[PDB]
Amino acid sequence: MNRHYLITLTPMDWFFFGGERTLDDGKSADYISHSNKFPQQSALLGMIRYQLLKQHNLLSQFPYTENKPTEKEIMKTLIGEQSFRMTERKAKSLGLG
RNA sequence: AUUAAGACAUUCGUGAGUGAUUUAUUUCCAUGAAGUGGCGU
């Protein structure tokens with residue numbers, strides 16, 4: 001059985017959502033960045049995954065530390081393998097734990 | 001872990017240079033140093 005939550009986001013300051021043109025791309029005019037009005041749903045997914053491991057205290061802190069083969073499947077059962085990969089759009093399941 | 005992260009609109013810069021408070025203007029106009037004699041027909 002599943003548990004459902006309503007998550008409300010209140011901005012504490014000015015925000016910005018990146019578009020196709022970002023301040024440090026290799027293209028020509030890489031000094032003007034414009035903000036999309038909404039975040040991508042992948043950003044929402046990354047938000048939830050980050051907070052989920054924050055509550056469970058499982059992060060990468062500094063060097064590129066590797067994780068022992070218990071944090072590995074705890075992150076499997078927590079968030080899964082990948083980010084929102086649009087390649088697997090025809091998959092009849094969320095690829096996230 | 002999310003088209004992310006990182007970045008003082010900052011460095012240099014005298015409100016400064018040129019410029020008489022000067023020009024024009026009579027301390028002047030009016031005006032008597034003057035008036036009277038007095039005493040014994």
# chains A, B, ... in the order shown; residues from 1 in each chain; ligands from 1
$ closest_atom_pairs --of "chain A" --to "chain B" --cutoff "12 Å" --atoms "only C-alpha atoms (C1' of nucleotides)" --output "Markdown table"
| residue | atom | partner | partner_atom | distance |
| --- | --- | --- | --- | --- |
| A:16 | CA | B:4 | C1' | 11.5 |
| A:17 | CA | B:3 | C1' | 8.5 |
| A:18 | CA | B:3 | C1' | 5.7 |
| A:19 | CA | B:3 | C1' | 5.8 |
| A:20 | CA | B:3 | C1' | 6.1 |
| A:21 | CA | B:3 | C1' | 8.1 |
| A:22 | CA | B:3 | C1' | 7.5 |
| A:23 | CA | B:3 | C1' | 10.9 |
| A:24 | CA | B:6 | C1' | 10.5 |
| A:25 | CA | B:3 | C1' | 10.4 |
| A:31 | CA | B:7 | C1' | 11.9 |
| A:33 | CA | B:3 | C1' | 11.4 |
| A:34 | CA | B:3 | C1' | 11.8 |
| A:35 | CA | B:3 | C1' | 11.1 |
| A:36 | CA | B:3 | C1' | 10.7 |
| A:39 | CA | B:2 | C1' | 8.8 |
| A:40 | CA | B:2 | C1' | 8.3 |
| A:41 | CA | B:2 | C1' | 8.9 |
| A:42 | CA | B:2 | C1' | 6.4 |
| A:43 | CA | B:2 | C1' | 3.8 |
| A:44 | CA | B:2 | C1' | 6.7 |
| A:45 | CA | B:2 | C1' | 7.1 |
| A:46 | CA | B:2 | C1' | 4.5 |
| A:47 | CA | B:2 | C1' | 5.9 |
| A:48 | CA | B:2 | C1' | 9.1 |
| A:49 | CA | B:1 | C1' | 7.8 |
| A:50 | CA | B:1 | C1' | 6.0 |
| A:51 | CA | B:1 | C1' | 9.6 |
| A:52 | CA | B:1 | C1' | 11.2 |
| A:53 | CA | B:1 | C1' | 10.2 |
| A:54 | CA | B:1 | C1' | 11.0 |
| A:58 | CA | B:1 | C1' | 11.9 |
| A:59 | CA | B:1 | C1' | 9.3 |
| A:60 | CA | B:1 | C1' | 9.7 |
| A:79 | CA | B:1 | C1' | 11.4 |
| A:82 | CA | B:1 | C1' | 10.9 |
| A:83 | CA | B:2 | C1' | 9.0 |
| A:84 | CA | B:2 | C1' | 9.8 |
$ atom_distance --atom1 "CA of residue 94 (chain A)" --atom2 "CA of residue 10 (chain A)"
26.5 Å
$ select_by_dssp --residues "region 48-90 of chain A" --states "alpha helix (DSSP H)" --output "list in words"
residues 48, 49, 50, 51, 52, 53, 54, 55, 56, 71, 72, 73, 74, 75, 76, 77 and 78 of chain A
$ write_last_selection --atoms "N, CA and C atoms" --output "PDB file, in the first residue's frame"
ATOM      1  N   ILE A  48      13.416  15.565  -4.717  1.00  0.00           N
ATOM      2  CA  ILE A  48      12.885  14.569  -3.795  1.00  0.00           C
ATOM      3  C   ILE A  48      13.961  13.554  -3.431  1.00  0.00           C
ATOM      4  N   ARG A  49      14.756  13.126  -4.414  1.00  0.00           N
ATOM      5  CA  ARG A  49      15.830  12.172  -4.145  1.00  0.00           C
ATOM      6  C   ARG A  49      16.869  12.752  -3.191  1.00  0.00           C
ATOM      7  N   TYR A  50      17.258  14.010  -3.415  1.00  0.00           N
ATOM      8  CA  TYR A  50      18.240  14.659  -2.557  1.00  0.00           C
ATOM      9  C   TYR A  50      17.731  14.762  -1.128  1.00  0.00           C
ATOM     10  N   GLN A  51      16.482  15.198  -0.950  1.00  0.00           N
ATOM     11  CA  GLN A  51      15.944  15.299   0.403  1.00  0.00           C
ATOM     12  C   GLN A  51      15.784  13.924   1.041  1.00  0.00           C
ATOM     13  N   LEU A  52      15.426  12.916   0.241  1.00  0.00           N
ATOM     14  CA  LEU A  52      15.273  11.564   0.761  1.00  0.00           C
ATOM     15  C   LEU A  52      16.581  11.046   1.337  1.00  0.00           C
ATOM     16  N   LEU A  53      17.685  11.194   0.596  1.00  0.00           N
ATOM     17  CA  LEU A  53      18.959  10.763   1.166  1.00  0.00           C
ATOM     18  C   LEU A  53      19.456  11.709   2.250  1.00  0.00           C
ATOM     19  N   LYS A  54      19.005  12.964   2.249  1.00  0.00           N
ATOM     20  CA  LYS A  54      19.357  13.854   3.347  1.00  0.00           C
ATOM     21  C   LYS A  54      18.764  13.361   4.659  1.00  0.00           C
ATOM     22  N   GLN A  55      17.503  12.921   4.635  1.00  0.00           N
ATOM     23  CA  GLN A  55      16.909  12.375   5.852  1.00  0.00           C
ATOM     24  C   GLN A  55      17.611  11.098   6.294  1.00  0.00           C
ATOM     25  N   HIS A  56      18.115  10.305   5.350  1.00  0.00           N
ATOM     26  CA  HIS A  56      18.791   9.054   5.660  1.00  0.00           C
ATOM     27  C   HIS A  56      20.309   9.194   5.706  1.00  0.00           C
ATOM     28  N   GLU A  71      25.401   0.764   1.418  1.00  0.00           N
ATOM     29  CA  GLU A  71      24.837   2.008   0.918  1.00  0.00           C
ATOM     30  C   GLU A  71      24.396   1.873  -0.531  1.00  0.00           C
ATOM     31  N   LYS A  72      25.023   0.976  -1.296  1.00  0.00           N
ATOM     32  CA  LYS A  72      24.657   0.841  -2.701  1.00  0.00           C
ATOM     33  C   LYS A  72      23.208   0.393  -2.855  1.00  0.00           C
ATOM     34  N   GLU A  73      22.821  -0.706  -2.203  1.00  0.00           N
ATOM     35  CA  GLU A  73      21.433  -1.119  -2.373  1.00  0.00           C
ATOM     36  C   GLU A  73      20.495  -0.349  -1.452  1.00  0.00           C
ATOM     37  N   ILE A  74      21.012   0.338  -0.426  1.00  0.00           N
ATOM     38  CA  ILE A  74      20.109   1.237   0.288  1.00  0.00           C
ATOM     39  C   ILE A  74      19.732   2.423  -0.601  1.00  0.00           C
ATOM     40  N   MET A  75      20.661   2.914  -1.427  1.00  0.00           N
ATOM     41  CA  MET A  75      20.310   3.930  -2.411  1.00  0.00           C
ATOM     42  C   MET A  75      19.485   3.353  -3.552  1.00  0.00           C
ATOM     43  N   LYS A  76      19.690   2.078  -3.886  1.00  0.00           N
ATOM     44  CA  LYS A  76      18.800   1.418  -4.837  1.00  0.00           C
ATOM     45  C   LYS A  76      17.359   1.437  -4.346  1.00  0.00           C
ATOM     46  N   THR A  77      17.131   0.971  -3.120  1.00  0.00           N
ATOM     47  CA  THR A  77      15.794   0.961  -2.547  1.00  0.00           C
ATOM     48  C   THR A  77      15.316   2.346  -2.145  1.00  0.00           C
ATOM     49  N   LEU A  78      16.191   3.349  -2.168  1.00  0.00           N
ATOM     50  CA  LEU A  78      15.792   4.705  -1.814  1.00  0.00           C
ATOM     51  C   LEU A  78      15.395   5.514  -3.048  1.00  0.00           C
TER      52      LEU A  78
END
$ atom_distance --atom1 "CA of residue 30 (chain A)" --atom2 "CA of residue 11 (chain A)"
26.7 Å
